[PDB]
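**Q** Mind having a look at this structure? Questions to follow.
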Amino acid sequence: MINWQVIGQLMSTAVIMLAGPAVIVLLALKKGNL
Amino acid sequence: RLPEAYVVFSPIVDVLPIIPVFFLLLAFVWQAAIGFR
Amino acid sequence: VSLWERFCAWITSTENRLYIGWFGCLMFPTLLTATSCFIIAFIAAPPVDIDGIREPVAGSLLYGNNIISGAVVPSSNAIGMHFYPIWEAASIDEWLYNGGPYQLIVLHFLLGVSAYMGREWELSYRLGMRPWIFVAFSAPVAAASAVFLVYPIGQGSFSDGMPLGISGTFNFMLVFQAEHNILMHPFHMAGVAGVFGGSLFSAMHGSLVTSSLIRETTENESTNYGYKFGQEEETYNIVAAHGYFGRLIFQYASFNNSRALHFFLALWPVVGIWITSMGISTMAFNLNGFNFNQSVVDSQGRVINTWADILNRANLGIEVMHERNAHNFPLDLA
Amino acid sequence: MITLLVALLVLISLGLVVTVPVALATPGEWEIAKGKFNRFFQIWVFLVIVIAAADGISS
Amino acid sequence: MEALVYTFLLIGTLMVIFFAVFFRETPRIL
Amino acid sequence: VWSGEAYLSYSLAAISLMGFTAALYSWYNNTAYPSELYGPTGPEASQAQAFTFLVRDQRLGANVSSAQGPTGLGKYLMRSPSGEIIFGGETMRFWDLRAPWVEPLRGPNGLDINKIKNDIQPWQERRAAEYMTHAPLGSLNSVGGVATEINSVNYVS
Amino acid sequence: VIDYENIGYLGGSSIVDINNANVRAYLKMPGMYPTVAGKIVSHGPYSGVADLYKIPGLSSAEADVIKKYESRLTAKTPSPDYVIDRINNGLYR
Amino acid sequence: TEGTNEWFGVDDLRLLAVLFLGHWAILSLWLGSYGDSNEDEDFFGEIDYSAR
Amino acid sequence: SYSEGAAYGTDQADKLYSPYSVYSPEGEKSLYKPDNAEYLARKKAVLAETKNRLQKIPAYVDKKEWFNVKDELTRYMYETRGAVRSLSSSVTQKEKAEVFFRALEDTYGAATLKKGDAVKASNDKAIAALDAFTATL
Amino acid sequence: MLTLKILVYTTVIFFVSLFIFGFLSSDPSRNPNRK
Amino acid sequence: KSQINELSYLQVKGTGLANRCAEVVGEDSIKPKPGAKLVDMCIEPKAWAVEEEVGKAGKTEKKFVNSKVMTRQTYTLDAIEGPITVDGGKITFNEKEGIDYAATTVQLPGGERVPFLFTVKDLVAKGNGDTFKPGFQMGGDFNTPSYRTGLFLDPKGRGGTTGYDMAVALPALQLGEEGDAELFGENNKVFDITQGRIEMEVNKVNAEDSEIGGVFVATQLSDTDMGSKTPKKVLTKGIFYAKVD
Amino acid sequence: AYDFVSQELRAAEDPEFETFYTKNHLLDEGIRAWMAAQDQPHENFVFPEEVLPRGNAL
Amino acid sequence: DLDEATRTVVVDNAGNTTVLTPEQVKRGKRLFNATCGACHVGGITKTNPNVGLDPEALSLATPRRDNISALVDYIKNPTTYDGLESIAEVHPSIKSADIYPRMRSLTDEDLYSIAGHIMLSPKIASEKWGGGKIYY
Ligand code: CLA
Ligand code: CLA
Ligand code: CLA
Ligand code: CLA
Ligand code: CLA
Ligand code: CLA
Ligand SMILES: CC(C)=CCC/C(C)=C/CC/C(C)=C/CC/C(C)=C/CC/C(C)=C/CC/C(C)=C/CC/C(C)=C/CC/C(C)=C/CC/C(C)=C/CC1=CC(=O)C(C)=C(C)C1=O
Ligand SMILES: CC1=C(/C=C/C(C)=C/C=C/C(C)=C/C=C/C=C(C)/C=C/C=C(C)/C=C/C2=C(C)CCCC2(C)C)C(C)(C)CCC1
Ligand code: OEX
Ligand SMILES: [Fe+2]
């Protein structure tokens, strides 16, 4: 009884909300064509 | 809910319609990192 | 040489006193018929069954009214959304009883205003102007079509449409409050911010120009005569008004660019009235504003009142009293 | 087995989206290495058919 | 008798709108 | 104008035509949008109320045809401005409501009084009571009912 | 009417009128709403509680709940504006 | 008869002869200048300034 | 806790159908048992009256009243499709029902087009088709 | 009442046809730039 | 007719046909049975007339001027039931149920709007002989109820069974011993019942179809708004139609 | 500016004369009666149910 | 401040009183708004306003309906207000639960908490429950 749904949702937004700027951050370090 | 072979991924699916809003914000983040040029 | 080319040359001539244009071909016949019927229906028009219950509501000056109470009454509840012209009425007396001239005025109004808007485009094309004054005029056209056209559609009758008058306007606003809760709806909130903000930046821009005028007159004559028409010199020190507002709040909140300044004066109201006129539109289809009634409870479960509960008891007073005879069943579905 | 393969299908699409626009926005990374990446597309498409097979068998 | 005043105020207002549009002081350069 | 942006402003005029029309299908049409799926329409929930209290007071032995309304019109059954027998109230504006649970009670003239006095089927009573309580009247915080309804239901159509 | 006598016998005095009360007034009597109360309201003017037994279509059970409350039922002068809105007078809880 | 499903509100036959003689009476004016022109003359502009 | 909104499963003791629901599943300890005879007797009773509502069809086609034949098969007969689909359990019982429907949809398709024989022909294709349904199961 | 009705469809499609055949009259070329 | 029953609903609506009573064809006799009950009596008036003071050459005797109806197509009565009882000398009719009122409003010369409830409530018809004939002619009294049920609220908010009972925005009228008794008549709302006399006349019968129909003439009294004005005598004429069963 | 007395004296003597203006007074009786019980708890307005102006069937 | 004296509600026709555990009052609200509250919101009945959920109106029914055991009796077998005939065909019930899809999954404790909510709500809000819009 540890509320697996909310733990699942808050991690899965934080995976996806951090997978977007990581596309840009990996390009800024690489100095590619932004 | 989802079929029984897919009840596991019920948290991930709940996030999925939000993701098209995140492409609108991805443009501005990309314009910030390019320096708005 | 041809008769049509000599007519197209006249109707698109900017050398006329008033530019007619191709939109004036259906602006001027529409708005003169909306006008000439409005003046007659406001002055001399018999009472109108609005509730469909054969209780005729007087609205004209000859039947004992004034400027404030007199109004062109909307059409009947018996008609509702049906198109009711003069030729589908079997007499003019049957036409004027059932709310005839409300549909003749409104439908010739919305065609003439949507043609007055396209006429503002057309002359901007023939004068070399950049075109978009008519986009700024879309904001009252959105709001005129919201209370005369869209709200009678979603409510299913022109009788819920706005009465063409002054006291009829406040009958419209209060009944719209009880049935839809417009004040809690965030699109009336986004246009109160549009016209409070609009009247702010109007009187804030108009003061900083008038503050920084250059000496061109004496103290005996008027301030305004230091501007000769068509001159090429700038009539106010814009660096002066920038340094004033740059100290009145702080430095970085001031537009040094006068073009971006004169764009923000056009953005803020017009966006505020586009959003507001799509508040009436989404509340025409009974998607009402917020409802926080009985939202705060104690641990026992008793309802603790809020300001929305006091606002609710004002809405319940108008709801139980609007159209006090037209209802027969416990819920105002219309 | 469907819950194991779809979980393997999501983890690959995590691995692609982090790496594929990085492989394209770089001036040469896609031309220098795409036969590495073209396997991962062919693996990814192959999983969709395996899951569509295992769903029809199980129903 | 009362509404006669209201009508005179309305059409009297539309007169000065007519004169302001057509008999306006036309502005001139130079 | 044969240019790039001009073709884009040709589409945006036509897509707005389709935009209003799909937004007016969803309010009135109960054929492409069945009331069993999308809920009752604006017009349909106004007629389902007047039909429910028609059934309610018919069980009290009341002649509903001759039941004189408070305004002098029909309290239950009145006559449309084209001559048809319709429901009365503020629901007289939606007298064009053609719905699969009321069309069993039609005739040439309209609502057949003989068929109302005798043939009302209990699935129509279960339907008009369902479409009264789930009328398309809501709020942005998704509480149903009228604008002055208390916060207990969670429904916007 | 400004000054109408027998306002009390309509709904609230707990001694009801017959030919003027709403059908909601018979709700306070257990057993009569809706069936037995439906027949009383539907038919025409009554002169007494004895005329309640003259209703066409009464059972012994329908006369039973009238026999219980026959002290509380009483009949008055029918004023014709109250006699119309006896099924529905536009009052809803 | 209002709610009849008739084309353009044409109830009687007489209203057609009104419609046809309205579009055509201005069409014939329009063909007096823009009609009887070359239907085979092109341009690679965005906008044509051909003739009157 | 009393005002916790996103307590999906820690609140209640019984297992729910889904975290996004309030109701428990269709398993044990329910009060609705679909094997009961009064549910079967309700569905059987509408099948019996359907034939009785369908024999009144030619009386309106012998007359001129087409508005009464378009709705007689929707006024009472609305509850048919809910029952005859529910009574159809076995294999060949199921594909017997669409014989009855397609024969019934042509009665309504001919009543709107006002064809007198096509109603009377397809009515007899319906009484014979419900005869096939009721006699088997 | 069917005599008035005839008069309206004259007046509508008179001005609607002036609108329709106004913009077909080479209307983009009527600018202060050229011609 | 049966010709009206041929049509569907979508073909009748918007055409103004449901307002109009049927046309019976042919003439013969039909006999009312012992349990005979009248089924589909519809009444529709085709002309209206209000008794006024008419401007003749030199005289002002009361005459009927006609009037134009302004409520559109809502005047016809329909579905009126009732048993046909057989008295020995004369066949009688007493109506029981059906839509037996249709509120409407006509306009006079001068611009005066006179509403009136057109009704046949509690009708006791009596006609010569027993069987319905083309020479048959029955009529009798009907009771007109008031045009407004007593819970109607006037513009100030005053009704017979609800509302206030004083001029609600004139609070200084109820001062003194006299009170507001000068405007007493506009506070007391009185439900009014008057009488009306209809005279029907059968002239065309089917016996193979058991449906009759002919011309009537009805006179009644217009409304008063619960004692607000003097009501005026309203005459009307038209055609009816009935199914004798 | 509460009332036009020429509108109010006429609507009292003629119980058929209705404008939009007299329609706004009945909307204000609903505001003056329904909210004033909960508006002003210091004054202790205890209204009965039978004095509150309701319309027909609302 | 949900004291156990306030949670103590009457349970049988004789008059015994038992208490409701705090999950009964919480599931009792969620189930009532989801199932019953479409028409019985706040104690009034939308489709028949004469027959409410008032503690006065439940008591005047010909079987007395104030008890928890009397309310769950009504849910499985709804008679009329005078209790002569059944209206299970039109009111949602357990007996006629093939037509209503909303009541195919309800246990005994679920109706015990819904009827708990109908009984314990006049004790919390004395006049708001079934008082109409006057007492909103
Ligand atoms: C020219 C401007 C103009 C316009 C647009 C209108 C418009 C209207 N008037 Mg008005 N009127 C005008 C001038 C105008 N009026 C003038 C000058 C007078 C004084 C004489 C009047 C007097 C008047 C009266 C007295 C009344 C109206 C009424 C009306 C309404 C309906 C009339 C009707 O049937 O239209 C006829 C329209 C058509 C036949 C449609 C024409 C549209 C064409 C066909 C374009 C469509 C293109 C097509 C779709 C392309 C198809 C391609 C194909 C391949 C598919 C309508 C809003 C009535 C009203 O509002 O009552 C409520 C009414 O009673 N008018
Ligand atoms: C709301 C009114 C409105 C206004 C002011 C404009 C304004 C403009 N349009 Mg446009 N347009 C509109 C609606 C509107 N549009 C709609 C609704 C459509 C889709 C049918 C189009 C389709 C369209 C095209 C395809 C083109 C324009 C073009 C233009 C420009 C020049 C005017 C012209 O020739 O168009 C003529 C005017 C119209 C086509 C619309 C007339 C709108 C009338 C005056 C009022 C609304 C009535 C309603 C839509 C018609 C219903 C008829 C029915 C009842 C029979 C100008 C910016 C032209 C342009 O410059 O593009 C680069 C162009 O080629 N428009
Ligand atoms: C502090 C108080 C406050 C403020 C500032 C506002 C502000 C506003 N309210 Mg609001 N409101 C309030 C309180 C307030 N409200 C309260 C308390 C209520 C409840 C009673 C409401 C209920 C309410 C309703 C019901 C509505 C508003 C609307 C509006 C908007 C009005 C703007 C408008 O229509 O212009 C837009 C301009 C026009 C409509 C005019 C178009 C005119 C055309 C273009 C030309 C006409 C030409 C003319 C005939 C002749 C010209 C002159 C001639 C001589 C040439 C604005 C955002 C309206 C809204 O939402 O927008 C539609 C609306 O319908 N409010
Ligand atoms: C990899 C190929 C492939 C694909 C695409 C499918 C697809 C499908 N199988 Mg399947 N299957 C596969 C391999 C595949 N299977 C294998 C290898 C086997 C073992 C031999 C099976 C055995 C199998 C069985 C035994 C069953 C299925 C069934 C189904 C269908 C489920 C939908 C349904 O119930 O039918 C109803 C139909 C629909 C719901 C329509 C769904 C399609 C719509 C139109 C969406 C498409 C829209 C569009 C293309 C998307 C936009 C894209 C655009 C941007 C380009 C679905 C169409 C079931 C079936 O067919 O039952 C009828 C079923 O019982 N499968
Ligand atoms: C990042 C920039 C961007 C993006 C995201 C879009 C996005 C879109 N554009 Mg586009 N556009 C852009 C820049 C962009 N545009 C620029 C710079 C121009 C030059 C001025 C155009 C010119 C343009 C035109 C001329 C049109 C679009 C259309 C569209 C829409 C196609 C989908 C659609 O209509 O679905 C809705 C329709 C359906 C679901 C039904 C299927 C119909 C098919 C998909 C229509 C495809 C039309 C096609 C895209 C237009 C041909 C363009 C081609 C000549 C290059 C979509 C919203 C089209 C449109 O209709 O939207 C306005 C259209 O007519 N655009
Ligand atoms: C914010 C973006 C957004 C979103 C989320 C939606 C969402 C939606 N819109 Mg939409 N819309 C939007 C913006 C948006 N709209 C805008 C900006 C416009 C322009 C104003 C419109 C105009 C619009 C219209 C005109 C309509 C919608 C509709 C819809 C709804 C259904 C989607 C649909 O019809 O798919 C459409 C999908 C396609 C066109 C793709 C092709 C689909 C093919 C043809 C289907 C073939 C089916 C076939 C039978 C399958 C058989 C397979 C078998 C043979 C194997 C959906 C709620 C529809 C609706 O329900 O209206 C209420 C509708 O009619 N929208
Ligand atoms: C030591 C001790 C004792 C301990 C206690 C601690 C302690 C000391 C605490 C005290 C600290 C304390 C509170 C001090 C803080 C001071 C403070 C900020 C207090 C004020 C409080 C307060 C709420 C302030 C916030 C409100 C505020 C001023 C908001 C500003 C709003 C704002 C940014 C508006 C901008 C709008 C805008 C864009 C306008 C331009 C558009 C416009 C048309 C302008 C016209 C115009 C502009 C031009 O540009 C030019 C060119 C021209 C031509 C022209 O027309
Ligand atoms: C499908 C899928 C998937 C995928 C997903 C994805 C990949 C998504 C994406 C998404 C994304 C793509 C995201 C994005 C995000 C972003 C963000 C969240 C951002 C935001 C931020 C902010 C908002 C900020 C901004 C700014 C700046 C920077 C500066 C200027 C200003 C501003 C403030 C504007 C997975 C694998 C899961 C699996 C399942 C399915
Ligand atoms: O019309 Mn004018 O107001 Ca809109 O809500 Mn329903 O309808 Mn009637 O009531 Mn309320
Ligand atoms: Fe300026």
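All residue names refer to the structure tokens as shown: chains lettered A, B, ... in order, residues numbered from 1 in each chain, ligands numbered from 1 in order.
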Hey, could you make a per-residue contact list for chain H against ligand 2 with 12 Å as the cut-off, showing the nearest pair of atoms and its distance in Å to one decimal, counting only C-alpha atoms and all ligand atoms, sorted by chain and number, as a Markdown table?
**A**
```
| residue | atom | partner | partner_atom_place_in_ligand_line | distance |
| --- | --- | --- | --- | --- |
| H:7 | CA | ligand 2 | 55 (C) | 11.1 |
| H:8 | CA | ligand 2 | 55 (C) | 8.2 |
| H:9 | CA | ligand 2 | 55 (C) | 11.0 |
| H:46 | CA | ligand 2 | 62 (C) | 10.9 |
| H:47 | CA | ligand 2 | 62 (C) | 10.9 |
```
**Q** Distance limit 12 Å, reference ligand 4, atoms considered: only C-alpha atoms and all ligand atoms. Which residues make the cut? Give them as a JSON list (two decimals) with N, CA, C and O atoms, in the first residue's frame.
**A**
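The new file pocket26.json reads:
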```json
[["chain", "number", "residue", "atom", "x", "y", "z"],
["D", 45, "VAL", "N", 11.48, -2.20, -35.60],
["D", 45, "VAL", "CA", 10.34, -2.59, -36.42],
["D", 45, "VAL", "C", 10.02, -4.06, -36.22],
["D", 45, "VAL", "O", 8.85, -4.46, -36.18],
["D", 46, "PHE", "N", 11.06, -4.88, -36.04],
["D", 46, "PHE", "CA", 10.86, -6.31, -35.84],
["D", 46, "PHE", "C", 10.15, -6.60, -34.53],
["D", 46, "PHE", "O", 9.40, -7.58, -34.43],
["D", 47, "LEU", "N", 10.35, -5.76, -33.51],
["D", 47, "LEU", "CA", 9.68, -5.99, -32.24],
["D", 47, "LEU", "C", 8.19, -5.71, -32.34],
["D", 47, "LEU", "O", 7.40, -6.34, -31.63],
["D", 48, "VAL", "N", 7.79, -4.78, -33.19],
["D", 48, "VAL", "CA", 6.38, -4.42, -33.31],
["D", 48, "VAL", "C", 5.61, -5.58, -33.92],
["D", 48, "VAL", "O", 4.47, -5.86, -33.53],
["D", 49, "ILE", "N", 6.24, -6.31, -34.84],
["D", 49, "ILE", "CA", 5.59, -7.45, -35.47],
["D", 49, "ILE", "C", 5.55, -8.64, -34.51],
["D", 49, "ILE", "O", 4.57, -9.38, -34.47],
["D", 50, "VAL", "N", 6.60, -8.80, -33.70],
["D", 50, "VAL", "CA", 6.63, -9.87, -32.71],
["D", 50, "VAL", "C", 5.55, -9.65, -31.65],
["D", 50, "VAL", "O", 4.86, -10.58, -31.23],
["D", 51, "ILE", "N", 5.36, -8.39, -31.24],
["D", 51, "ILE", "CA", 4.31, -8.08, -30.27],
["D", 51, "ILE", "C", 2.93, -8.22, -30.91],
["D", 51, "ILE", "O", 1.99, -8.71, -30.28],
["D", 52, "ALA", "N", 2.80, -7.85, -32.19],
["D", 52, "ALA", "CA", 1.53, -8.03, -32.88],
["D", 52, "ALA", "C", 1.24, -9.50, -33.12],
["D", 52, "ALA", "O", 0.08, -9.91, -33.21],
["D", 53, "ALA", "N", 2.28, -10.32, -33.25],
["D", 53, "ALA", "CA", 2.10, -11.76, -33.35],
["D", 53, "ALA", "C", 1.67, -12.34, -32.02],
["D", 53, "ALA", "O", 0.70, -13.11, -31.95],
["D", 54, "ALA", "N", 2.38, -11.99, -30.95],
["D", 54, "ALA", "CA", 2.09, -12.53, -29.63],
["D", 54, "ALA", "C", 0.76, -12.04, -29.08],
["D", 54, "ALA", "O", 0.21, -12.68, -28.18],
["D", 55, "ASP", "N", 0.24, -10.93, -29.59],
["D", 55, "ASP", "CA", -1.07, -10.48, -29.14],
["D", 55, "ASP", "C", -2.18, -11.26, -29.81],
["D", 55, "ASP", "O", -3.19, -11.57, -29.17],
["D", 56, "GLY", "N", -2.03, -11.60, -31.08],
["D", 56, "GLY", "CA", -3.04, -12.36, -31.79],
["D", 56, "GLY", "C", -3.10, -13.81, -31.38],
["D", 56, "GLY", "O", -4.18, -14.41, -31.37],
["D", 57, "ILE", "N", -1.94, -14.39, -31.06],
["D", 57, "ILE", "CA", -1.91, -15.74, -30.53],
["D", 57, "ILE", "C", -2.59, -15.80, -29.17],
["D", 57, "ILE", "O", -3.41, -16.69, -28.91],
["D", 58, "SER", "N", -2.33, -14.82, -28.31],
["D", 58, "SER", "CA", -2.88, -14.83, -26.97],
["D", 58, "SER", "C", -4.35, -14.42, -26.92],
["D", 58, "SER", "O", -4.93, -14.43, -25.83],
["D", 59, "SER", "N", -4.95, -14.04, -28.04],
["D", 59, "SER", "CA", -6.36, -13.70, -28.05],
["D", 59, "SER", "C", -7.13, -14.52, -29.08],
["D", 59, "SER", "O", -6.94, -15.73, -29.18]]
```
**Q** How many Å lie between CA of residue 26 in chain I and CA of residue 35 in chain F, rounded to one decimal?
**A**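 Computing the Euclidean distance for CA of residue 26 in chain I and CA of residue 35 in chain F yields 26.6 Å.
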**Q** Counting only C-alpha atoms, which residues of chain M come no farther than 7 Å from chain G, as a list in words?
**A**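 Written out as asked, the residues are residues 44, 49, 50, 60, 61, 62, 81, 82, 131 and 132 of chain M.
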**Q** Select the residues contacting ligand 8 at a distance of at most 6 Å, based on only C-alpha atoms and all ligand atoms, then format the selection as a PyMOL selection string.
**A** (chain A and resi 16-17+19-21) or (chain B and resi 19+22-23+25-26+28-29+32) or (chain D and resi 10+13-14+17)
**Q** Convert the current residue selection to file output with N, CA and C atoms, as an mmCIF file, in the first residue's frame.
**A**
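The resulting file, part_38.cif, is shown below:
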```cif
data_model
loop_
_atom_site.group_PDB
_atom_site.id
_atom_site.type_symbol
_atom_site.label_atom_id
_atom_site.label_comp_id
_atom_site.auth_asym_id
_atom_site.auth_seq_id
_atom_site.Cartn_x
_atom_site.Cartn_y
_atom_site.Cartn_z
ATOM 1 N N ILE A 16 10.444 11.944 -19.061
ATOM 2 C CA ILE A 16 10.104 12.547 -20.343
ATOM 3 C C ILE A 16 10.413 14.043 -20.355
ATOM 4 N N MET A 17 10.114 14.757 -19.265
ATOM 5 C CA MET A 17 10.437 16.181 -19.194
ATOM 6 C C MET A 17 11.931 16.444 -19.140
ATOM 7 N N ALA A 19 13.966 14.250 -20.888
ATOM 8 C CA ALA A 19 14.453 13.696 -22.143
ATOM 9 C C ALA A 19 14.337 14.676 -23.294
ATOM 10 N N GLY A 20 13.726 15.827 -23.071
ATOM 11 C CA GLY A 20 13.584 16.833 -24.094
ATOM 12 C C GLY A 20 14.734 17.811 -24.156
ATOM 13 N N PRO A 21 15.014 18.507 -23.050
ATOM 14 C CA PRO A 21 16.236 19.319 -22.996
ATOM 15 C C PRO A 21 17.527 18.522 -23.084
ATOM 16 N N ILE B 19 2.680 15.153 -23.912
ATOM 17 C CA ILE B 19 3.921 15.246 -24.681
ATOM 18 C C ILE B 19 3.848 16.158 -25.912
ATOM 19 N N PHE B 22 4.851 19.518 -24.870
ATOM 20 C CA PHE B 22 6.283 19.607 -24.636
ATOM 21 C C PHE B 22 7.076 19.876 -25.902
ATOM 22 N N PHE B 23 6.491 19.672 -27.079
ATOM 23 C CA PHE B 23 7.171 20.080 -28.300
ATOM 24 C C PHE B 23 7.039 21.567 -28.555
ATOM 25 N N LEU B 25 7.092 23.813 -26.113
ATOM 26 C CA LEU B 25 8.111 24.346 -25.229
ATOM 27 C C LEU B 25 9.513 23.963 -25.666
ATOM 28 N N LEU B 26 9.653 22.904 -26.461
ATOM 29 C CA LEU B 26 10.965 22.506 -26.950
ATOM 30 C C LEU B 26 11.491 23.487 -27.980
ATOM 31 N N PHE B 28 11.059 26.850 -27.847
ATOM 32 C CA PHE B 28 11.577 28.011 -27.134
ATOM 33 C C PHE B 28 12.865 27.685 -26.396
ATOM 34 N N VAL B 29 12.963 26.477 -25.834
ATOM 35 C CA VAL B 29 14.207 26.026 -25.217
ATOM 36 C C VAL B 29 15.303 25.945 -26.260
ATOM 37 N N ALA B 32 16.332 29.445 -26.973
ATOM 38 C CA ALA B 32 17.152 30.027 -25.925
ATOM 39 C C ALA B 32 18.587 29.550 -26.035
ATOM 40 N N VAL D 10 9.906 -0.177 -25.193
ATOM 41 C CA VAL D 10 9.953 1.187 -24.680
ATOM 42 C C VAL D 10 11.390 1.614 -24.424
ATOM 43 N N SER D 13 13.096 2.788 -27.558
ATOM 44 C CA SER D 13 12.635 4.099 -27.995
ATOM 45 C C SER D 13 13.085 5.200 -27.039
ATOM 46 N N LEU D 14 13.453 4.847 -25.809
ATOM 47 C CA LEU D 14 14.224 5.782 -24.997
ATOM 48 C C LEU D 14 15.623 5.959 -25.562
ATOM 49 N N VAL D 17 15.602 8.227 -29.136
ATOM 50 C CA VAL D 17 15.245 9.645 -29.142
ATOM 51 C C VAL D 17 16.342 10.485 -28.492
#
```
**Q** Can you work out which residues are within 12 Å of ligand 10, considering only C-alpha atoms and all ligand atoms, and then hand them over as a JSON list (two decimals) with C-alpha atoms, in the first residue's frame?
**A**
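The resulting file, out-v2.json, is shown below:
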```json
[["chain", "number", "residue", "atom", "x", "y", "z"],
["C", 201, "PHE", "CA", -1.69, 52.28, -21.62],
["C", 202, "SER", "CA", -3.87, 54.77, -23.49],
["C", 203, "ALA", "CA", -3.62, 57.39, -20.76],
["C", 204, "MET", "CA", -0.04, 56.37, -20.01],
["C", 205, "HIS", "CA", 1.12, 56.82, -23.59],
["C", 206, "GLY", "CA", -0.98, 59.91, -24.15],
["C", 207, "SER", "CA", 0.52, 61.57, -21.11],
["C", 208, "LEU", "CA", 4.16, 60.91, -21.94],
["C", 209, "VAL", "CA", 3.80, 62.43, -25.38],
["C", 210, "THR", "CA", 1.97, 65.48, -24.05],
["C", 234, "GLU", "CA", 9.36, 65.11, -34.68],
["C", 235, "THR", "CA", 6.99, 66.95, -32.36],
["C", 236, "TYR", "CA", 8.19, 65.58, -29.01],
["C", 238, "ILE", "CA", 11.10, 60.86, -27.17],
["C", 241, "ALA", "CA", 9.79, 60.58, -22.05],
["C", 257, "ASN", "CA", 11.56, 51.69, -29.58],
["C", 258, "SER", "CA", 8.49, 53.70, -30.57],
["C", 259, "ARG", "CA", 7.40, 51.07, -33.05],
["C", 260, "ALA", "CA", 7.38, 48.28, -30.49],
["C", 261, "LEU", "CA", 5.68, 50.73, -28.14],
["C", 262, "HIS", "CA", 2.93, 51.53, -30.63],
["C", 263, "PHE", "CA", 2.53, 47.81, -31.27],
["C", 264, "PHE", "CA", 1.93, 46.94, -27.62],
["C", 265, "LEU", "CA", -0.93, 49.44, -27.59],
["C", 266, "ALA", "CA", -2.57, 47.41, -30.35]]
```
**Q** Check which residues fall inside 8 Å of ligand 1 when counting only C-alpha atoms and all ligand atoms, and print them as JSON, numbers by chain.
**A** {"C": [25, 26, 27, 28, 29, 30, 32, 33, 83, 84, 85, 86, 87, 100, 101, 102, 103, 104, 105, 106, 107, 108, 111], "H": [8, 9, 10, 19], "J": [4, 5, 7, 8, 9, 11, 12, 13, 14, 15, 16]}
**Q** Collect all residues with atoms no farther than 6 Å from ligand 6, counting only C-alpha atoms and all ligand atoms, and output them as a list in words.
**A**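 Result of the 6 Å neighbour search around ligand 6: residues 15, 16, 18, 19, 22, 23 and 26 of chain F.
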**Q** Only N, CA and C atoms, please: the residues just picked out, written as a compact mmCIF listing (two decimals), in the first residue's frame.
**A**
```
# COMPACT_ATOMS: atom_id res chain seq x y z
N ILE F 15 -10.73 26.19 -43.71
CA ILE F 15 -10.66 25.32 -42.55
C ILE F 15 -11.46 25.92 -41.41
N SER F 16 -11.63 27.23 -41.40
CA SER F 16 -12.53 27.84 -40.45
C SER F 16 -13.99 27.54 -40.77
N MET F 18 -14.98 24.68 -41.99
CA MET F 18 -15.14 23.33 -41.47
C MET F 18 -15.05 23.34 -39.95
N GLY F 19 -14.36 24.33 -39.39
CA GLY F 19 -14.24 24.42 -37.95
C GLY F 19 -15.54 24.79 -37.27
N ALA F 22 -18.24 21.60 -37.84
CA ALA F 22 -18.07 20.47 -36.92
C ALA F 22 -18.40 20.86 -35.50
N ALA F 23 -18.29 22.14 -35.17
CA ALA F 23 -18.68 22.60 -33.85
C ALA F 23 -20.18 22.82 -33.76
N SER F 26 -21.89 19.03 -33.45
CA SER F 26 -21.80 18.39 -32.16
C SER F 26 -22.84 18.95 -31.20
```
